[PDB]
Amino acid sequence: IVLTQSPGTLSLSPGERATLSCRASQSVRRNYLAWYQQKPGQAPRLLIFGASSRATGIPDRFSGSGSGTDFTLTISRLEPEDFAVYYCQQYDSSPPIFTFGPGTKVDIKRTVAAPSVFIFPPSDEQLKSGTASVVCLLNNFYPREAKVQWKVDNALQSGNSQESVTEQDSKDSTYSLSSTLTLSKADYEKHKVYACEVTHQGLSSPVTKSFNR
Amino acid sequence: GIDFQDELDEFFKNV
Amino acid sequence: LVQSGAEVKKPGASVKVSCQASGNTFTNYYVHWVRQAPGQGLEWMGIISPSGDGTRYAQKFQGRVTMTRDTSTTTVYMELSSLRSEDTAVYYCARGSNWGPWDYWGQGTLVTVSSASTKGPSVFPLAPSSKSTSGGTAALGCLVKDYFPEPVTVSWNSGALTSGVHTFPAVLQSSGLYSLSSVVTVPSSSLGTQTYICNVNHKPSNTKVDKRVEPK
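About the cut-offs
Residues numbered from 1 in each chain as written, not as in the entry; some residues may be left out. Chains lettered and ligands numbered in written order. Heavy atoms only, no water. Residues with missing side-chain atoms left out of burial classes, pairs and counts. Helix = DSSP H or I, 4+ residues; strand = E, 2+ residues; numbered from the N terminus. Contact = heavy atoms within 4.5 Å. Pairing = 2+ DSSP bridges. Axes fitted to C-alpha atoms, helices over the stretch in contact; angles between N-to-C directions. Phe/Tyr/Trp six-rings, centres within 6.5 Å; stacked < 30°, edge-to-face > 60°. Buried < 20%, exposed > 50% of the residue type's maximum accessible area, 1.4 Å probe, protein only. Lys NZ or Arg CZ within 6 Å of the ring centre and 35° of its normal. Domains from an automatic or database assignment. Buried area = accessible area lost by both parts, 1.4 Å probe. Salt bridge = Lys/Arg side-chain N within 4 Å of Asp/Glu carboxyl O. Nonpolar A, V, L, I, M, F, W, Y, C, P; charged D, E, K, R; others polar. Disulfide = S-S within 2.5 Å.

Structure determination for this PDB entry was carried out by X-ray crystallography, with a resolution of 2.8900 Å recorded in the header.

With the PDB entry as reference, chain C is termed Antibody CC68.109 Fab heavy chain, source organism Homo sapiens. Listed as the entry title in the PDB record is "Crystal structure of MERS-CoV spike stem helix peptide in complex with Fab of broadly neutralizing antibody CC68.109 isolated from a vaccinated COVID-19 convalescent".

You'll find chain A entered in the PDB entry as Antibody CC68.109 Fab light chain, with Homo sapiens given as the organism.

So this is what it looks like as structure tokens:
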């Protein structure tokens with residue numbers, strides 16, 4: 001009744017094989033497990049149903065097999081049109097359950113691109129409007145796995161930062177992140193050091209971009 | 001014979 | 001499977017989303033309602049019977065949901081009550097196949113829950129500097145903050161700047177409004193020689209701002 005998907009992100013190059021696994025907590029009746037592919041900005045599209053039966057319009061490269069608690073979705077040769085997010089779903093009849101898995105994102109493999117970090121202090125016009133927002137930018141990085149931690153005066157900030165990540169670019173196959181730390185104009189004047197700690201694979205050591213006053 | 005749809009139709013017959 | 005448009009309800013209120021279809025593709029088939037939180041997974045909510053309201057709702061949404069079918073207009077309706085911040089998501093209507101999985105989905109309906117007092121965007125400059133430039137590459141941008149509802153279109157140099165532009169997706173804040181960040185990486189050797197203006201358009205509030213980004 002609870003579906004778990006592994007891995008969480010599949011970094012593969014076009015033309016390679018892909019294997020996505022879906023482990024259940026119990027046994028699926030009549031092997032009623034389906035695999036879906038959801039493209040960015042689009043609705044999910046059914047790929048395989050019944051754990052091993054393909055639907056209408058699905059290519060033969062997508063192959064499915066599974067039983068009980070272990071299920072798997074395989075792609076013989078990865079094409080650019082197959083890079084998306086895949087989900088597994090268990091369905092039952094009495095009673096209707098219909099539960100989904102977390103989700104696995106298959107992206108285009110590329111060289112380990114370090115994130116170019118840039119910190120933007122808030123504009124004086126914003127401070128004149130009674131608000132304050134500092135921005136941290138991570139441009140062109142791979143893998144997407146990146147940790148952006150806001151640290152105001154060596155104090156970790158959680159819940160005050162809202163981040164957004166771009167989709168993998170169709171030509172560079174990289175990602176970008178924007179982190180906004182919003183504090184009240186009064187709370188801003190109290191502190192001095194504002195830092196954005198970035199943890200990534202391309203960075204041999206953590207890189208922190210900061211601004212005083 | 002019976003498919004998931006037919007099994008589901010039964011759920012609303014007994015309930 | 002055409003669905004209703006974006007809905008901006010208030011916390012604790014209720015929303016009614018519609019999913020009109022063709023009876024040939026729905027009168028003899030089952031329909032299901034699913035939701036996807038911004039950036040999260042899919043959550044099944046209920047199933048509507050081929051004719052009557054033989055609905056089977058989900059536990060997380062039991063007592064707060066109501067699904068109905070109208071055979072006169074061949075439409076399926078979903079109503080959610082006691083709306084909360086956790087309920088802001090894109091809802092989809094999908095038809096169940098004879099085997100179970102959903103084959104034909106819908107476009108989706110974004111259900112945002114906030115103040116809804118349709119505020120206009122405020123564009124602020126993210127000025128380039130040494131902390132935003134290193135190696136001949138300079139980062140500058142604009143912050144379209146405190147705007148409701150979506151969407152806002154950003155342009156750079158009235159369309160002249162298209163290389164290196166990154167209009168990051170918006171995120172709702174505790175304010176109940178949104179904030180979008182558009183940034184462009186430009187050569188450092190002309191940051192003071194060229195003009196970088198961001199043109200933001202918010203049709204819902206009829207607001208158009210052209211803010212020039214000047215270096216620190």
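Structure shown, so let's carry the discussion forward.
## Digging into the overall build of chain A
Helix and strand content of chain A: two helices and 19 strands. Sequence separation of at least 24 residues holds for 59% of the intrachain contacts in chain A that already meet a minimum separation of 6.

## Concerning the sheet that holds strand β19 (residues 207-213) of chain C
Strand pairing in a sheet is mediated by backbone hydrogen bonds. Such pairs are either parallel or antiparallel. All names here are of chain C. Taken in spatial order, the three strands of this open sheet run β14-β18-β19, and their pairing is antiparallel. Two strands in the sheet have a free side with no partner beyond their single neighbour: β14 (153-156) and β19. Here the strands of the sheet are splayed against their neighbours by 20 degrees on average, with no regard to which way each runs. Pairing geometry for strand β18 (residues 196-202) and β19, over seven bridges, is antiparallel. Bridge assignment links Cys-198 to a residue of β19, and that residue is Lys-211.

## As for the packing of aromatic side chains
Using the criterion set out here, one finds 21 aromatic pairs over all chains in the structure. Pairing A:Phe100 with C:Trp102 gives two aromatic rings, centres 5.5 Å apart and planes at 50 degrees, and the pair type is tilted. Of the two residues, A:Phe100 sits in strand β10 (residues 99-100) while C:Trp102 sits in strand β10 (residues 102-104), which places them in two different chains. With respect to burial, A:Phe100 and C:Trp102 carry one shared label: buried. Of the aromatic side chains, those joined through ring pairs into one cluster are A:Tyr32, A:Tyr36, A:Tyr91, A:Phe98, A:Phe100, B:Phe4, C:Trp44, C:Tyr92, C:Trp102 and C:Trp105. Residue placement shows C:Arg95 over the ring face of C:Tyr29; its charged tip is 5.1 Å from the ring centre.

## Some words on the domain arrangement of chain A
Residues and elements named next belong to chain A. Domain parsing of chain A yields domain 1 (3-108) and domain 2 (116-212). Listed per partner, the contact involves five residues of domain 1 and five residues of domain 2. Interface of domain 1 and domain 2: buried area, both sides summed, is about 430 Å²; carbon and sulfur atoms make up 43% of it. Seen at the junction of domain 1 and domain 2, the total is zero salt bridges.

## As for the interface of chain C and chain A
On the chain A side, the residues contacting the 40 residues of chain C number 42 residues. Elements that contribute at least two residues to the side of chain C that touches chain A include exactly β4 (31-36), β5 (42-48), β10, β12 (122-126), β13 (137-147), β16 (171-172) and β17 (178-187) of chain C. The element that contributes the greatest number of residues to the side of chain C that touches chain A is β13(C), accounting for five residues. Looking at side-chain class alone, the side of chain C that touches chain A contains 21 nonpolar, 14 polar and five charged residues.

## What about the state of the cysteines?
Residues and elements named next belong to chain A. Under the defined criterion, the tally for this structure stands at four disulfides over all chains. Here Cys-22 is linked by a disulfide to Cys-88, with a sulfur-sulfur distance of 2.0 Å. With the S-S bond torsion at 70 degrees, the cross-link from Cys-22 to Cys-88 turns out right-handed. Here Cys-22 is found in strand β3 (residues 18-24), whereas its partner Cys-88 is found in strand β9 (residues 85-90), with 66 residues between them in sequence. Across the pair, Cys-88 and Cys-22 agree in class, each one buried. Sequence-ordered numbering of the bonded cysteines in chain C gives a disulfide pattern of 1-2, 3-4. Ordinal numbering of bonded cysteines along chain A defines a disulfide pattern of 1-2, 3-4.

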